[PDB]
Amino acid sequence: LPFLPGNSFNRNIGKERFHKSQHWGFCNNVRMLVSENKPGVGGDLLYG
Amino acid sequence: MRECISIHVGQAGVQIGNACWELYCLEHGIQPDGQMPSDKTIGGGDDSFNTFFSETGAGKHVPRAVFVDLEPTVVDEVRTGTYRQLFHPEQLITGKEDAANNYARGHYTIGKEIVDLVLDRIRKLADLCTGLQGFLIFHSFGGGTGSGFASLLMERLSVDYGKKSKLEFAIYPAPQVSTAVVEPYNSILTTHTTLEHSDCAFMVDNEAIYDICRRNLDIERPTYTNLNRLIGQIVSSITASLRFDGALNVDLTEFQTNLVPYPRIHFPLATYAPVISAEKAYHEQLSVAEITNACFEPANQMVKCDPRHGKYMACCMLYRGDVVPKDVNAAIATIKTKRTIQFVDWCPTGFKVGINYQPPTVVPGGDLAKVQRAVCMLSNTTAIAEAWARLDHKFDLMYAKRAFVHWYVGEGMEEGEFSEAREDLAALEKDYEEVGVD
Amino acid sequence: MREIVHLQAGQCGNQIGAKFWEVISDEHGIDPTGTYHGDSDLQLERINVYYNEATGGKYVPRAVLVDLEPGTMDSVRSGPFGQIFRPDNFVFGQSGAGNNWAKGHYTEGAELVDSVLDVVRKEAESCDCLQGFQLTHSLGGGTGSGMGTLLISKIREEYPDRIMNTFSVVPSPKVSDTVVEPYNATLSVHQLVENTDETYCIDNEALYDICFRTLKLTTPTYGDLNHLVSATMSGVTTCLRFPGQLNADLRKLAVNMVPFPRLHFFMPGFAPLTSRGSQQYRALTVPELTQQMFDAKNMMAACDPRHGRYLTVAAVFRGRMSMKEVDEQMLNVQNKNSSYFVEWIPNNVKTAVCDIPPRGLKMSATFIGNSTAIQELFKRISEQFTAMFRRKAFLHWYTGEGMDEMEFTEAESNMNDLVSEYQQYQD
Amino acid sequence: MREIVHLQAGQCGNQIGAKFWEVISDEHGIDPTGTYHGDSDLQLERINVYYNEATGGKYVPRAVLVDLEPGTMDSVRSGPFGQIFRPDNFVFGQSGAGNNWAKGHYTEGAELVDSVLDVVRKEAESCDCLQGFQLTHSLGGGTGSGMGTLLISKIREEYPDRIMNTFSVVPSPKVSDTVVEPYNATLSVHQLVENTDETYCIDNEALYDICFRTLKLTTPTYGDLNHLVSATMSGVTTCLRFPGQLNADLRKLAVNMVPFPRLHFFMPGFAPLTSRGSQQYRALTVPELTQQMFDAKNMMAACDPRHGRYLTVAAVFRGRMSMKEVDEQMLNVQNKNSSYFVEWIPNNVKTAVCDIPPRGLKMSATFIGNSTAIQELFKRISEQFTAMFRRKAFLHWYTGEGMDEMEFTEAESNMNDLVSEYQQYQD
Amino acid sequence: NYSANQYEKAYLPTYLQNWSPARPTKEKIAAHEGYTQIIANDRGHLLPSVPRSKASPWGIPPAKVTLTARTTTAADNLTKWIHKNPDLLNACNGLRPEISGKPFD
Amino acid sequence: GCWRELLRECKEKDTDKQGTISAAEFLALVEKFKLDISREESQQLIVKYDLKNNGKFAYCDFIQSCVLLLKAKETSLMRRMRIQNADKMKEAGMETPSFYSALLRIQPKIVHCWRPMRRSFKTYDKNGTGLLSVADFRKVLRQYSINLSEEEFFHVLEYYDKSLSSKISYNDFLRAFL
Amino acid sequence: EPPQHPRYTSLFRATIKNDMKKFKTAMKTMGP
Ligand SMILES: Nc1nc2c(ncn2[C@@H]2O[C@H](COP(=O)(O)OP(=O)(O)OP(=O)(O)O)[C@@H](O)[C@H]2O)c(=O)[nH]1
Ligand SMILES: Nc1nc2c(ncn2[C@@H]2O[C@H](COP(=O)(O)OP(=O)(O)OP(=O)(O)O)[C@@H](O)[C@H]2O)c(=O)[nH]1
Ligand SMILES: Nc1nc2c(ncn2[C@@H]2O[C@H](COP(=O)(O)OP(=O)(O)OP(=O)(O)O)[C@@H](O)[C@H]2O)c(=O)[nH]1
């Protein structure tokens with residue numbers, strides 16, 4: 001199936017881990033993204 | 001970032017705080033030692049705990065709460081407990097002398113020389129933190145040490161820090177049960193002192209906590225452990241928005257701005273619908289519709305109030321678990337059509353929905369149910385003035401015969417402060433009437 | 001050549017853009033990594049309307065994300081196409097909104113407008129010549145109203161010669177969640193009518209009804225709601241990027257769409273929404289398209305002008321059609337629907353056809369409407385203020401922010417105007 | 001081209017259209033799946049009179065189903081040809097009726113007439129030029145009487161230019177099961193005579209006797225009764241779909257049928273009905289066809305016109321017949337009973353011959369009759385109304401709905417006016 | 001507390017299973033001119049001048065019947081036997097039944 | 001015509017400023033058009049307006065006081081009521097609608113499109129803070145077809161100004177007609 | 001002063017103005 005409207009079928013199966021991290025932050029007195037290595041929702045791997 | 005600090009004043013307010021922290025470590029899998037397994041979550045203190053615990057390079061999750069008490073008995077006991085290695089020794093403030101249920105004894109006699117030490121703690125906690133949305137004040141109006149000592153500290157933290165929120169949680173006095181006849185004295189004393197500073201004060205009553213215990217949980221003989229388990233779940237639910245995300249995320253600032261209509265009165269009531277026995281959950285089914293009725297069923301409110309005698313202003317529901325927008329919006333539409341639900345006409349809208357994907361879990365050796373769909377119901381209605389109205393005639397009779405005054409005038413007060421609080425209260429009821437007059 | 005730079009505002013727009021931008025990339029066939037897979041020359045040529053070039057065949061989106069809450073932007077960064085979005089373009093603040101219009105309009109906006117203006121002008125100088133700008137936010141959105149009303153004002157003097165497209169969603173009339181949500185609306189729309197030239201009005205209840213009416217699938221995701229509006233907003237942009245004998249400029253459109261200056265609010269219309277069996281139970285023909293295009297159910301914005309009458313109508317057709325079926329169906333819909341339109345203007349039909357079909361369906365279309373159905377909207381909006389400003393509920397905050405009751409009074413007097421304007425012109 | 005859109009009304013018509021349409025599908029040779037099997041050409045061109053085109057050679061029926069009780073449709077939908085019927089065309093209500101006419105005419109129809117009107121005008125615009133509409137319903141059928149009387153009152157002003165065919169079954173004279181059934185009848189007929197242009201009259205007791213007479217199969221299914229009658233409307237519609245020198249238009253027929261406006265009620269007549277052994281004991285000859293065609297036992301509608309006289313007669317002949325045999329047989333019957341006709345008009349015979357025989361038999365015919373045999377019908381009910389409106393039994397319900405006796409007083413003399421009329425012209 | 005527009009089928013007791021009609025609603029308003037002044041101070045305290053519903057709300061024999069044909073004397077009593085009960089005529093979910101019937105001769 | 005006809009009723013009569021219109025002959029206007037004023041009220045009017053500017057009835061105040069003049073505020077948004085107090089308090093040229101007959105001319109223009117002229121003022125970057133340059137006020141007036149003469153200008157300067165140039169606030173101008 | 005040319009009614013006002021309005025069955029059709 002293509003990505004057409006109504007064809008979006010979410011992965012709604014058992015999802016018990018839902019932890020969130022803080023990919024971005026502030027530090028010192030400027031603002032940036034905190035250390036790149038970060039798991040996602042429930043420990044998700046990033047892109048590559 | 002997104003973090004807050006908890007305070008537990010009074011030996012009544014300490015054991016409930018321990019249970020909350022005991023609850024908190026389970027959902028994070030905190031070992032009692034203070035360290036995780038070989039799994040990697042430690043660092044400079046940045047993960048789900050970063051809002052709750054301080055697990056620095058030392059590797060020990062440090063709870064962001066300060067326990068203050070005036071008697072060494074119970075406070076040392078937790079220092080000899082199971083998680084005491086987690087806790088900071090002099091964060092667990094102790095005292096050597098009590099206030100003897102006297103508001104002013106804790107407010108004047110001992111409180112002066114201890115708050116400065118406490119003021120050292122908060123600033124040394126203030127420097128390390130970053131986001132500091134607000135505070136979690138756990139106390140009790142009829143506090144032998146909770147009442148008086150909290151009043152001074154909340155004053156001092158208000159004047160130096162007035163740019164951030166402060167969340168108050170106290171056991172409401174039992175309407176028909178009195179373990180102390182002086183408890184009303186300081187209770188009105190506490191209320192009048194806190195009216196001009198406090199942001200959001202939430203009350204609870206143990207009698208109804210026991211009432212629900214044998215109603216659906218079917219325990220004729222529960223314990224504080226169960227009682228603290230329920231309230232610890234309650235504060236856990238409200239902190240899920242902090243600790244998780246959901247379909248939409250909300251913050252205490254949104255709560256305060258939207259819950260309180262007008263100044264002074266900031267006294268909402270909490271309710272949690274999926275309170276059911278394990279077996280009753282076993283062969284039955286849960287969905288938004290029925291839990292919405294149960295949380296709106298008048299006997300499920302934890303305070304001795306009839307909503308049919310009052311009228312609604314604020315209503316807030318926090319759906320933690322597996323829910324969808326379709327049924328809930330359809331469901332809440334039904335209540336808007338309901339006739340018994342008598343909101344004040346000033347607000348066509350008085351509902352605040354929070355959706356959280358995470359199903360609440362069970363605690364080992366616990367008594368709760370298997371919650372997939374959860375909702376914590378925070379609401380404010382006009383049916384509350386009866387409790388204060390119960391207090392004043394309770395208060396006025398003993399004041400008329402000035403019972404126990406010789407203690408208070410004996411150790412350094414006069415009737416002026418006791419005089420002022422009553423018209424402060426008398427203002428409340430007529431204001432409560434005038435606001436009830438739509 | 002002429003380009004468009006986008007602004008992502010408010011948390012809805014964070015969800016809106018994420019779905020909208022993945023649609024564009026997947027429509028044009030760029031992989032999530034960014035290495036375009038050359039399959040269509042026309043999309044290869046007309047990528048410069050919206051994207052610039054990075055090294056190694058990377059088509060950097062010319063959109064700007066602004067927010068205050070990291071978790072939303074952390075999530076979308078972890079979303080399917082956060083990698084194609086720029087931390088350079090990730091601008092946000094160190095503050096919590098409180099869903100407060102005034103804080104994001106006077107307090108928090110002051111120290112962030114400087115940087116965001118730098119970001120856009122850097123993007124503005126990066127490109128050659130813009131048509132204008134399009135804006136995704138909500139009118140009932142707590143901070144999106146706060147930022148946008150500030151930004152639109154600043155852009156007005158900055159570039160008063162461009163298109164200030166605004167895309168906002170009308171919150172649910174029956175159910176508002178936020179109780180100060182109305183207050184935010186009149187605060188915003190007061191400046192919006194002053195500053196905007198185009199405004200899309202969208203409501204979620206119709207979206208639930210349409211998912212009810214044609215999606216058939218009971219429980220959707222809000223992303224699917226984003227997914228359909230992203231399709232609609234893409235259709236109006238297909239004109240610009242795609243060939244075919246259709247004139248694409250929004251100014252081309254707006255001058256044919258706007259008879260008088262105060263007309264900024266418009267309703268959309270879309271093409272086949274199909275059910276499980278009707279995919280093979282539909283004879284795909286322009287007449288039954290034209291029927292479905294003009295359906296009291298097919299609308300999604302506010303409600304049927306069945307209450308009122310029709311001022312201006314413009315329909316864009318995307319696929320392999322011909323000038324005659326649109327003409328005769330226009331004649332059909334003319335003879336069938338003639339006097340419902342205002343006798344003020346006859347033949348106010350505006351038709352364009354995009355010969356390039358979408359990827360997945362062939363005979364498709366989009367409709368944009370300006371009829372006399374917005375009265376009920378700000379009529380609906382009217383009462384609660386007169387109800388809640390009757391007793392200034394939840395007002396001590398805004399006075400604490402430094403606001404006055406007076407500012408509301410011109411805002412409502414401004415809308416009290418537009419009620420008569422919509423009334424007097426049509427009635 | 002001229003086409004027809006069908007209407008399913010009442011739970012009786014729920015059987016009919018299913019049986020009515022399946023015969024047509026089998027007649028035209030469409031499989032239950034819906035893929036036409038090209039075997040006869042003439043059915044291939046002339047299917048568009050009733051059907052539209054669906055993708056993959058599928059012929060969508062142009063009929064509209066409406067009811068209240070969900071169990072009926074599910075059985076129909078689960079029928080052998082429920083698949084060919086459209087979920088879009090499935091319009092219905094969220095209520096049970098209680099078999100109450102006023103509820104189905106004032107209470108429940110309120111929120112459904114809007115929807116059904118949209119569906120039909122969607123179908124009406126889906127087609128170019130209609131001859132009119134035909135309706136399957138009952139006069140003694142509660143929900144059908146409530147719904148149909150509403151729509152026939154409506155479908156007149158929008159389309160006062162089309163054929164408003166009505167197909168209604170008369171309940172059993174001896175017993176009506178439903179006791180409020182006459183109350184439903186008197187209300188329905190009052191509007192019916194005002195609104196309709198054609199009305200078929202059908203009774204089940206005759207069908208029961210016919211089973212005893214020629215079917216001889218003791219225990220039939222009520223579907224067989226539906227299958228028997230479906231042949232009757234099929235034959236009158238074979239005129240339109242099939243070639244052959246016969247003029248087919250029902251208006252062409254009706255003008256030859258209706259001498260005066262209030263003549264809406266007509267009786268049918270069908271051709272060879274053959275018993276167990278007589279299939280090869282019968283020499284299929286137009287004489288014995290004409291003999292059996294004009295038999296008082298072959299009469300099936302209400303009762304024997306032997307009691308009265310004959311106003312107008314029309315027989316359509318389906319098969320390989322010719323100008324001659326229909327002529328002298330018409331001459332034979334004219335000479336047979338010349339006095340049984342009315343001296344008002346001579347040569348009241350109207351003949352049409354369809355050269356295309358049915359699939360299953362070669363020699364066939366269909367007769368429609370208008371005689372003076374309806375007096376006994378409304379005379380019979382007349383005493384019932386006088387007896388039961390004598391002291392208003394079971395009336396508190398209708399006053400609860402809002403009814404009052406003035407509507408009964410107005411309706412009754414309308415029928416009484418027709419009694420004098422039907423009497424006066426012939427007697 | 002208003003009724004919505006157009007799509008007026010998605011919110012009815014058809015889903016509520018309501019057996020006492022919720023509340024009368026409408027879609028209409030006279031164009032309200034008015035500065036919408038404030039007549040409260042900090043509490044919804046009406047300025048003593050401005051009027052309100054002055055303490056009107058502050059905080060079995062009745063049944064749905066058609067008189068139909070039951071002896072008038074009994075029928076006359078029933079009407080009184082329905083009414084004169086403001087404890088079931090005024091407020092608190094609505095408390096008001098209906099009535100019908102027709103007289104005698 | 002509570003504004004137009006009553007204005008036109010006086011414009012039929014012709015005399016000089018102070019001699020507005022004879023009370024006896026203003027009663028001749030009463031017979032020319034019967035007035036909603038009660039008979040007892042009718043008698044005071046001929047003597048409650050002859051007290052100023054000769055025994056001649058003062059339509060100068062009367063006509064405008066009834067409809068044109070409203071020197072107060074309202075509960076119900078008299079088409080704007082912006083809050084403003086700049087030009088009215090000083091008012092060296094105190095209200096004199098005979099001297100200020102331009103008010104009789106301009107109300108027709110403002111009853112037409114008061115809101116666009118109400119809009120027009122703030123469109124000149126007024127900042128919503130008060131007054132706006134007089135010459136800018138001059139050009140806004142004529143540009144919206146409100147042609148006002150130099151002698152009429154001199155008057156409104158006396159009315160909406162006391163000491164020096166000033167910048168005549170928008171609503172402070174508006175509420176005169178509004 | 002140029003007098004506006006008397007608008008010549010080569011039908012129009014009579015027909016084509018009324019012909020546009022006459023072949024119109026609107027105010028009716030999608031639904032009330
Ligand atoms: N917050 C809280 N209250 C409790 C608990 N158990 C009982 N209570 C009630 O809370 C009240 C305790 O107040 P206080 O006695 O003044 O507590 P205190 O000020 O810390 O000083 P003490 O006299 O030493 O207890 C009692 O009267 C009980 O009714 C509990 O576990 N937590
Ligand atoms: N993202 C998102 N927004 C929603 C959804 N449903 C309703 N909304 C509303 O859409 C509005 C637009 O979001 P934003 O413009 O980002 O809001 P904001 O100004 O940042 O502040 P808030 O409105 O308080 O959230 C929000 O206010 C929500 O109330 C949803 O499912 N997703
Ligand atoms: N479907 C069906 N209908 C039958 C059958 N036998 C008799 N009928 C009659 O057909 C009549 C017409 O059906 P409808 O017009 O749909 O009736 P209704 O409006 O649903 O209400 P009722 O007539 O009370 O059933 C009914 O009143 C039945 O009495 C049968 O075997 N099948």
# chains A, B, ... in the order shown; residues from 1 in each chain; ligands from 1
>>> residues_around(residues="region 17-22 of chain G", least_positions_apart="3", cutoff="12 Å", atoms="only C-alpha atoms", output="NGL selection string")
(:C and (334-335 or 338-339 or 343 or 346-347)) or (:G and (9-14 or 25-26))
>>> write_last_selection(atoms="N, CA and C atoms", output="PDB file, in the first residue's frame")
ATOM      1  N   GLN C 334     -24.176  24.941 -12.380  1.00  0.00           N
ATOM      2  CA  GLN C 334     -24.768  26.265 -12.545  1.00  0.00           C
ATOM      3  C   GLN C 334     -26.282  26.169 -12.632  1.00  0.00           C
ATOM      4  N   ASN C 335     -26.789  25.459 -13.641  1.00  0.00           N
ATOM      5  CA  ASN C 335     -28.232  25.326 -13.797  1.00  0.00           C
ATOM      6  C   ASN C 335     -28.863  24.664 -12.581  1.00  0.00           C
ATOM      7  N   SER C 338     -27.957  27.752  -9.023  1.00  0.00           N
ATOM      8  CA  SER C 338     -27.754  29.050  -9.657  1.00  0.00           C
ATOM      9  C   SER C 338     -28.016  30.207  -8.702  1.00  0.00           C
ATOM     10  N   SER C 339     -29.227  30.273  -8.151  1.00  0.00           N
ATOM     11  CA  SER C 339     -29.635  31.441  -7.386  1.00  0.00           C
ATOM     12  C   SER C 339     -29.259  31.335  -5.919  1.00  0.00           C
ATOM     13  N   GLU C 343     -26.885  37.035  -6.067  1.00  0.00           N
ATOM     14  CA  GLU C 343     -27.135  37.731  -7.324  1.00  0.00           C
ATOM     15  C   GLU C 343     -26.204  38.919  -7.489  1.00  0.00           C
ATOM     16  N   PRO C 346     -22.719  36.949 -10.554  1.00  0.00           N
ATOM     17  CA  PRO C 346     -22.909  35.673 -11.245  1.00  0.00           C
ATOM     18  C   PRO C 346     -21.602  35.180 -11.857  1.00  0.00           C
ATOM     19  N   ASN C 347     -21.575  33.878 -12.145  1.00  0.00           N
ATOM     20  CA  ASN C 347     -20.440  33.244 -12.818  1.00  0.00           C
ATOM     21  C   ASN C 347     -19.146  33.468 -12.045  1.00  0.00           C
TER      22      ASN C 347
ATOM     23  N   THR G   9     -31.625  48.415 -26.319  1.00  0.00           N
ATOM     24  CA  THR G   9     -32.169  47.119 -25.931  1.00  0.00           C
ATOM     25  C   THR G   9     -32.410  46.297 -27.192  1.00  0.00           C
ATOM     26  N   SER G  10     -31.316  45.807 -27.773  1.00  0.00           N
ATOM     27  CA  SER G  10     -31.402  44.793 -28.819  1.00  0.00           C
ATOM     28  C   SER G  10     -31.799  43.468 -28.166  1.00  0.00           C
ATOM     29  N   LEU G  11     -33.057  43.444 -27.717  1.00  0.00           N
ATOM     30  CA  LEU G  11     -33.608  42.453 -26.799  1.00  0.00           C
ATOM     31  C   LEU G  11     -32.997  42.680 -25.420  1.00  0.00           C
ATOM     32  N   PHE G  12     -32.217  41.712 -24.942  1.00  0.00           N
ATOM     33  CA  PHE G  12     -31.441  41.837 -23.712  1.00  0.00           C
ATOM     34  C   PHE G  12     -32.295  42.100 -22.480  1.00  0.00           C
ATOM     35  N   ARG G  13     -32.410  43.378 -22.102  1.00  0.00           N
ATOM     36  CA  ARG G  13     -33.287  43.832 -21.028  1.00  0.00           C
ATOM     37  C   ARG G  13     -34.590  43.051 -21.055  1.00  0.00           C
ATOM     38  N   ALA G  14     -35.182  42.945 -22.245  1.00  0.00           N
ATOM     39  CA  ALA G  14     -36.346  42.091 -22.426  1.00  0.00           C
ATOM     40  C   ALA G  14     -35.975  40.618 -22.296  1.00  0.00           C
ATOM     41  N   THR G  25     -33.887  26.750 -11.955  1.00  0.00           N
ATOM     42  CA  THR G  25     -34.712  26.072 -10.963  1.00  0.00           C
ATOM     43  C   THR G  25     -34.037  26.006  -9.596  1.00  0.00           C
ATOM     44  N   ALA G  26     -33.332  27.061  -9.203  1.00  0.00           N
ATOM     45  CA  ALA G  26     -32.516  27.058  -8.002  1.00  0.00           C
ATOM     46  C   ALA G  26     -33.346  27.525  -6.798  1.00  0.00           C
TER      47      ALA G  26
END
>>> residues_near_ligand(ligand="ligand 3", cutoff="6 Å", atoms="only C-alpha atoms and all ligand atoms", output="tab-separated table (two decimals) with N, CA, C and O atoms, in the first residue's frame")
chain	number	residue	atom	x	y	z
D	10	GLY	N	-41.44	-0.17	3.13
D	10	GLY	CA	-42.15	-1.12	3.96
D	10	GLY	C	-41.44	-2.45	4.05
D	10	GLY	O	-40.58	-2.79	3.24
D	11	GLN	N	-41.80	-3.24	5.07
D	11	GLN	CA	-41.05	-4.48	5.17
D	11	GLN	C	-41.58	-5.54	4.20
D	11	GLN	O	-40.91	-6.56	3.99
D	12	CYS	N	-42.75	-5.32	3.60
D	12	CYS	CA	-43.18	-6.17	2.50
D	12	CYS	C	-42.30	-5.97	1.28
D	12	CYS	O	-41.82	-6.93	0.67
D	14	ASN	N	-39.45	-5.21	1.25
D	14	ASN	CA	-38.15	-5.82	1.54
D	14	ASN	C	-38.04	-7.19	0.88
D	14	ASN	O	-36.98	-7.54	0.35
D	15	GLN	N	-39.12	-7.97	0.89
D	15	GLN	CA	-39.09	-9.22	0.14
D	15	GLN	C	-39.07	-8.92	-1.35
D	15	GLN	O	-38.34	-9.56	-2.12
D	99	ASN	N	-45.33	-0.59	14.36
D	99	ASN	CA	-46.35	-0.67	13.31
D	99	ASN	C	-47.39	0.43	13.50
D	99	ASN	O	-48.60	0.21	13.43
D	137	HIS	N	-44.43	-1.34	-1.81
D	137	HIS	CA	-44.90	-1.01	-0.46
D	137	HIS	C	-46.25	-1.67	-0.26
D	137	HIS	O	-46.73	-2.44	-1.11
D	138	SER	N	-46.88	-1.39	0.88
D	138	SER	CA	-48.21	-1.88	1.19
D	138	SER	C	-49.07	-0.75	1.73
D	138	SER	O	-48.58	0.16	2.40
D	140	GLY	N	-51.66	-1.55	3.77
D	140	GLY	CA	-51.84	-2.03	5.12
D	140	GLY	C	-50.56	-2.27	5.87
D	140	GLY	O	-50.59	-2.87	6.96
D	141	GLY	N	-49.42	-1.83	5.34
D	141	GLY	CA	-48.13	-2.03	5.96
D	141	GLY	C	-47.69	-0.78	6.70
D	141	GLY	O	-47.51	0.28	6.09
D	142	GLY	N	-47.50	-0.92	8.01
D	142	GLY	CA	-47.28	0.20	8.89
D	142	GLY	C	-46.16	1.14	8.51
D	142	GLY	O	-46.41	2.31	8.20
D	143	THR	N	-44.91	0.65	8.52
D	143	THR	CA	-43.80	1.57	8.27
D	143	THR	C	-43.79	2.04	6.83
D	143	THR	O	-43.45	3.20	6.55
D	144	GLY	N	-44.18	1.16	5.90
D	144	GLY	CA	-44.28	1.57	4.51
D	144	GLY	C	-45.33	2.63	4.29
D	144	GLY	O	-45.12	3.58	3.53
D	145	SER	N	-46.49	2.49	4.94
D	145	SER	CA	-47.53	3.50	4.83
D	145	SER	C	-47.06	4.83	5.40
D	145	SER	O	-47.32	5.90	4.82
D	222	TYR	N	-43.56	-17.86	1.15
D	222	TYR	CA	-44.05	-16.53	0.82
D	222	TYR	C	-43.17	-15.89	-0.25
D	222	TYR	O	-43.64	-15.03	-1.00
>>> residues_near_ligand(ligand="ligand 1", cutoff="7 Å", atoms="only C-alpha atoms and all ligand atoms", output="VMD selection string")
chain B and resid 9 to 16 69 71 98 to 101 139 to 140 142 to 147 170 to 171 179 to 180 224
>>> residues_near_ligand(ligand="ligand 2", cutoff="9 Å", atoms="only C-alpha atoms and all ligand atoms", output="JSON, numbers by chain")
{"B": [247, 248, 249, 250, 254, 325], "C": [9, 10, 11, 12, 13, 14, 15, 16, 67, 68, 69, 72, 97, 98, 99, 100, 101, 104, 136, 137, 138, 139, 140, 141, 142, 143, 144, 145, 146, 147, 168, 169, 170, 171, 172, 176, 177, 178, 181, 204, 221, 222, 223, 225, 226]}
>>> interface_residues(of="chain C", to="chain E", cutoff="10 Å", atoms="only C-alpha atoms", output="JSON, numbers by chain")
{"C": [173, 174, 205, 206, 209, 212, 296, 297, 302, 303, 304, 305, 306, 307, 376, 379, 380, 382, 383, 385, 386, 387, 388, 389, 390, 391, 392, 393, 395, 396, 405, 406, 408, 409, 410, 412, 413, 416, 419, 420]}
